[PDB]
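Descriptive structure summary
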Amino acid sequence: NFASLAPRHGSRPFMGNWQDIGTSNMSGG
Amino acid sequence: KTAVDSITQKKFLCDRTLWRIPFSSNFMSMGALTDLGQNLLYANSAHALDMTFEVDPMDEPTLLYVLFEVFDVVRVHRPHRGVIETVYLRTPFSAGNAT
Amino acid sequence: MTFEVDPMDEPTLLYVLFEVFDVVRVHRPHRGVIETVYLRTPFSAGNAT
Amino acid sequence: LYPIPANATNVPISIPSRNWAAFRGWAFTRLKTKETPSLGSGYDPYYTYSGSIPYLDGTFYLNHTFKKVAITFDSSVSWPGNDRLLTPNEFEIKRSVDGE
Amino acid sequence: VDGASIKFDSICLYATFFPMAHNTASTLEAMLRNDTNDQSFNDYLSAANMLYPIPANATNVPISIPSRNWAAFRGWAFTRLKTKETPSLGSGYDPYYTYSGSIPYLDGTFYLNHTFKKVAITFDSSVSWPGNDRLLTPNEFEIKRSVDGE
Amino acid sequence: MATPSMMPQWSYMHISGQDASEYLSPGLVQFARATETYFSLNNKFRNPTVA
Amino acid sequence: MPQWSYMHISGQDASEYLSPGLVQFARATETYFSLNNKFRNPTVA
Amino acid sequence: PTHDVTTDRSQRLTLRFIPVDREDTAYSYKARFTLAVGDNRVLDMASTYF
Amino acid sequence: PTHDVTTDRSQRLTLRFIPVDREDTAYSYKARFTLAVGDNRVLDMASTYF
Amino acid sequence: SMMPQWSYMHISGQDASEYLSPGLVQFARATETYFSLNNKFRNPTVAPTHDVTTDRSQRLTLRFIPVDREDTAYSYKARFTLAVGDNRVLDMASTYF
Amino acid sequence: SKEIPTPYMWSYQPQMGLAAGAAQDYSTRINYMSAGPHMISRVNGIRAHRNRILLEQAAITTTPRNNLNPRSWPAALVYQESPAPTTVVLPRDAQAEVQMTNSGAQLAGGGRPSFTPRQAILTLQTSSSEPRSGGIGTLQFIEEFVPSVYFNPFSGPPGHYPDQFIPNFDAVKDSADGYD
């Protein structure tokens, strides 16, 4: 599940968040 | 009686026209949708095209204008008042749209 | 490809041999019939420049 | 539009890999870069010419400057293949030297 | 210019036949007309010529292939020639060919091999070949060096 | 042979398939055949030709 | 509207319309090769 | 070997071929032959020459 | 992470691209490049500049 | 159409003992001493692509600086570390000074 | 896109006789970004009716195999030429002409002799010594390698993902090839 690509903090992968994959940056909203 | 020794130069000029090469198995127009365009080889697979043009040299930047002949087709629906729905398909050089 | 040569006071030519498989298969199915299929790979007849 | 430089003889083009479904054929004519405006852009500042535009009106005149055409599908299979023509692997349009 | 001329009187075509037995040579005939018994041959050089011009006192020769499937590619083989010593072949008569010595393009009498400094081969305009830090100078084929400090 | 793959797109955009006397509704063909001399509908509908 | 959903003006977020292998790839490699600003998320009022 | 190696009918080893058409140019010339290989014979083209 | 992160082959971190067809004018300048991304590589266009 | 082009032209495929008809292989071995059919048929030679040569960064020739040089009036001593890395073999015939 | 995907159309390589690699049918796509729900729904039913044909065409025509695009097709699964055996009517009686010639007769020219009623007929195998394996032709690339409709793409554990769509992937290396 691509967890061997993540830096191990301890014994577990430091995977990111699901909700951070997109972007909604837009001027004024 | 004193004609000089001569050599013949032959050429042609064919203006206003496009050098058509039809994608047909006998080079004939047996219909707009050709027999090789319907063929299972060229329509269920992906093929690289590598065309090679040898032209006369000119002392000027020139362009090579190739007409890849397609089916540039539009279907138009007007289901309601003031609604104009169009769908465009051209094959093989599609603009494209997914689902 | 980029070749760097010694300079010479003479117009010279560079002779590069792209080594291919210049192969012929010769078919003779009937009397007085000589049929050949030529193939070279990569620089095929029609994709050679 | 494929560019041909000055005094250039052989111009190879390529199409990467593609479904050729409902393909009809080819048609081609040499143009001039001076006469053809850079369309797609809404204005051409490099276009110092106001004659006829053969790209737009069909007044083609450089048809006689073609020697041969070689169409190969899939980088080794020549088209039409199948030993169709007296020159087997290409479409020779004209010959300056005709020995045969 | 030097008055040499050649006249060709006649040609015959001589063809030596092996006097094979007529039902041995009929068996060999009908075996070799089978479409799996086709006599397949091979050019020994097995290469596509490209003559690239080098001007007088010119050092770099940049050549470029646009795009091609490189399958069954065997390698390169390069040697500098001379334009005086190489006829414009393909044409049936070169009227500007004022030379009648050895033609290294045709007989293998190559002698300008020592005039090569280095060779840089890059695939896809970005990737050096062979790459992979194979050579002591990995980006190019340094053939000879005038300045060697290492 | 013709590809069964392409046939849904080709019959919809009328690259192959039925002519305009076959896929149009029979009231519209009767309308277009009657008013042909003064209000033509002939060049509005694409007829496929198949090799 | 099917064209707001095609261009992701309204609809699913990038954790949902993308392939689940790409979401797991972009979540693992986020600290050194971020794929986050490559895909547009809808913000629906 | 005794049999099935060499015939015993009247058959030439080397044939001579007259040019059917010769087209002479100023810078070249052309010779055209009829390389007639008869029945029950095989010709290796390495044994051919002008 | 050790494996399947960084390649074990040779690969330039930064590439240099000479223009293919540059054109100079008194009012503008045009430069045409080949932005050739090699195989087994990805290029984020934020890392590209002139 | 019926065979690939490397196997039609015999670039990668069967040797002449395999694609020829069995009567012709029997004929070409019998008449080999007086009517050779050997150079008429193309035999492929295929280089191996797997488990032979690496596809990683690896230097063919290394250049070792001396770890300790030691000059004398009658002799000269150079000390090297001929380090053979992971998953590499070194034939000492290729080594020289 | 996941429910009604675009089919991966296979690229052939005529030299190796294998499939190069499959990319999606981007070049036969139909543009409904200017259509409404009266016609987007009708085109999406044509995208899906095409994908039902390709699963039906693959169930009829494609050979059932574990590895998609294998690197060496077996000899039992490759179309092979099996011609009729060649029947050779041998022209001359060998030992009946060495007795006419030893008796002093000069034979020249050419049952077929007037001095021999014997007639030998030889029947030879036309096909190859060994059946060919390794690479399929053009016509068997058409029958197999029907374009892959890959529903819910790249969602199953990796290693189950189709890597044989990629034109760089060796199956027996499990790695993408490089420049050296």
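Residues numbered from 1 in each chain as written, not as in the entry; some residues may be left out. Chains lettered and ligands numbered in written order. Part of a larger assembly, values for the part shown. Heavy atoms only, no water. Residues with missing side-chain atoms left out of burial classes, pairs and counts.

This entry lists cryo-EM as its structure determination method and reports a resolution of 3.2 Å.

**Notes on the overall build of chain D**
Of regular secondary structure, chain D possesses 1 helix and 7 strands. Of the regular secondary structure in chain D, the N- to C-terminal order runs β-β-β-β-α-β-β-β. Expected size for 100 residues packed as a compact globule is a radius of gyration near 13 Å; at 17 Å, chain D overshoots this value by more than 25%. Projected onto its principal axes, the C-alpha coordinates of chain D cover approximately 50 × 40 × 20 Å. Within the span of chain D, comprising 100 residues, buried residues form 45% of the whole. Across chain D, every contact between residues at least 6 apart in sequence was considered, and the portion connecting residues at least 24 apart equals 44%. (Helix = DSSP H or I, 4+ residues; strand = E, 2+ residues; numbered from the N terminus. Rg over C-alpha atoms; globule rule 2.2 N^0.38 Å. Buried < 20%, exposed > 50% of the residue type's maximum accessible area, 1.4 Å probe, protein only. Contact = heavy atoms within 4.5 Å.)

**Notes on the interface of chain D and chain K**
The interface is formed by 8 residues belonging to chain D together with 10 residues belonging to chain K. On the chain D side of the interface with chain K, the three residues burying the most area are D:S17, D:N19 and D:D74, jointly 61% of the side's total. Applying the counting rule to chain D against chain K returns 5 residue pairs in polar contact. The element that contributes the greatest number of residues to the side of chain D that touches chain K is strand 3 (residues 15-19) of chain D, accounting for 4 residues. The residue inventory of the side of chain D that touches chain K, partitioned by class, reads 3 nonpolar, 3 polar and 2 charged. (Buried area = accessible area lost by both parts, 1.4 Å probe. Polar contact = N/O pair within 3.5 Å; in protein donor to acceptor, adjacent residues only side chain to side chain. Nonpolar A, V, L, I, M, F, W, Y, C, P; charged D, E, K, R; others polar.)

**What to know about the environment of K:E144**
Residues and elements named next belong to chain K. Within the secondary structure, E144 sits in the loop between helix 3 (138-143) and strand 6 (169-170). Take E144: its relative accessible area is 2%, and that puts it in the buried class. Here the side chain of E144 touches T63 through a polar contact of 2.8 Å, side chain to side chain.

**Re the nonpolar core**
By size, the foremost hydrophobic cluster in this structure holds 32 residues, and its most contacted members are B:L49, B:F53, B:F68, D:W26, D:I71 and D:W79. Taken together, the elements giving at least two residues each to this core come down to strand 1 (19-22), helix 1 (40-43), strand 2 (45-55) and strand 3 (62-69) of chain B together with strand 4 (25-32) and strand 5 (66-73) of chain D. Once residues within four sequence positions are removed from consideration, B:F68 is found in contact with B:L49, B:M51, B:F93, D:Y2, D:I13, D:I15, D:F23, D:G25 and D:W26. Judged by nonpolar contacts, the second largest core, of 21 residues, contains B:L33, F:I15, K:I30 and K:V43. (Core = buried A, V, L, I, M, F, W, Y, C linked by side-chain atoms within 4.5 Å.)

**Examining the pairing of strand 6 (residues 116-123) of chain E**
One ladder, built from 4 bridges, connects strand 1 (residues 2-5) of chain C with strand 6 of chain E; its direction is antiparallel. Residue pairing in the sheet places C:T2 in a bridge with E:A120 of strand 6 of chain E. When strand 6 of chain E meets strand 8 (residues 141-142) of chain E, the two strands line up antiparallel, connected through 2 bridges. Paired with E:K118 across the bridge in strand 8 of chain E is E:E142. Sheet analysis places strand 6 of chain E next to strand 7 (residues 127-129) of chain E, joined by 3 bridges and oriented antiparallel. (Pairing = 2+ DSSP bridges.)

**What about the side chain of K:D170?**
Mapping K:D170 onto the fold places it in strand 6. The buried category is assigned to K:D170, whose relative accessible area is 15%. Aside from chain neighbours lying at most four places away, what touches K:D170 is J:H50, K:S175 and K:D177.

**A short note on the sheet that holds strand 4 (residues 35-39) of chain C**
The strand order across the open sheet built from 3 strands is 4(C)-3(C)-2(E), with neighbouring strands paired in antiparallel fashion. Each end of this open sheet is capped by a strand with a single partner; those strands are strand 4 of chain C together with strand 2 (39-42) of chain E. The mean inter-strand angle of the sheet, taken between neighbouring strand axes irrespective of direction, is 20°. With 5 bridges connecting them, strand 3 (residues 23-27) of chain C and strand 4 of chain C associate as antiparallel partners. Bridging from a neighbouring strand, C:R25 pairs with C:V37 of strand 4 of chain C. (Axes fitted to C-alpha atoms, helices over the stretch in contact; angles between N-to-C directions.)

**With respect to the interface of chain D and chain B**
Counting residues at the interface gives 60 residues for chain D and 53 residues for chain B. Buried surface at the junction of chain D and chain B, summed over both partners, amounts to about 6300 Å²; 58% is from carbon and sulfur atoms. On inspection of chain D and its partner chain B, the count reaches 39 residue pairs in polar contact. Only strand 1 (2-4), strand 2 (10-12), strand 3, strand 4 and strand 5 of chain D provide two or more residues apiece to the side of chain D that touches chain B. As paired strands, strand 2 of chain B and strand 5 of chain D are joined by 7 bridges and run antiparallel to one another.

**Focus on the arrangement of the chains**
Counting contacts across all 30 pairs of chains that touch, the top-ranked interface belongs to chains B and D. The two units chain D and chain G never meet; even their closest C-alpha atoms stay 24 Å apart.

**Comments concerning the side chain of E:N34**
Structurally, the position occupied by E:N34 is in the loop between helix 1 (25-32) and strand 2. With relative accessibility at 7%, the residue E:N34 sits in the buried group. Side-chain polar atoms of E:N34 contact the backbone oxygen of E:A30, separated by 3.4 Å. Within polar-contact distance, the side chain of E:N34 engages the side chain of K:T86 at 3.1 Å. Those residues in contact with E:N34, other than ones at most four positions away along the chain, are J:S21, K:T86, K:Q125 and K:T126.

**Here we look at the packing of aromatic side chains**
Scanning the model with the defined rule gives 57 aromatic pairs over all chains in all. Between C:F3 and E:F78, the ring centres sit 4.7 Å apart and the planes meet at 45°, which makes this aromatic pair tilted. Residue C:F3 is located in strand 1, and its partner E:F78 is located in strand 5 (residues 78-80); the two belong to separate chains. Exposure remark for E:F78: the relative accessible area of 26% places this residue in the partly exposed category. Aromatic pair E:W76 and E:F123: ring centres 6.3 Å apart, planes at 50°, arrangement tilted. With E:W76 in the loop between strand 4 (60-62) and strand 5 and E:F123 in strand 6, the pair connects residues that are 47 residues apart, well separated along the chain. (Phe/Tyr/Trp six-rings, centres within 6.5 Å; stacked < 30°, edge-to-face > 60°.)

**Section: the pattern of salt bridges**
All told, the structure shown has 35 salt bridges over all chains when counted by the stated rule. A salt bridge links E:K118 to C:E4; its shortest N-O distance comes to 3.9 Å. Taken as a pair, E:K118 in strand 6 and C:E4 in strand 1 lie in two separate chains rather than in one. E:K118 gets classed as partly exposed once you look at its relative accessible area, which sits at 25%. (Salt bridge = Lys/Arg side-chain N within 4 Å of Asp/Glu carboxyl O.)

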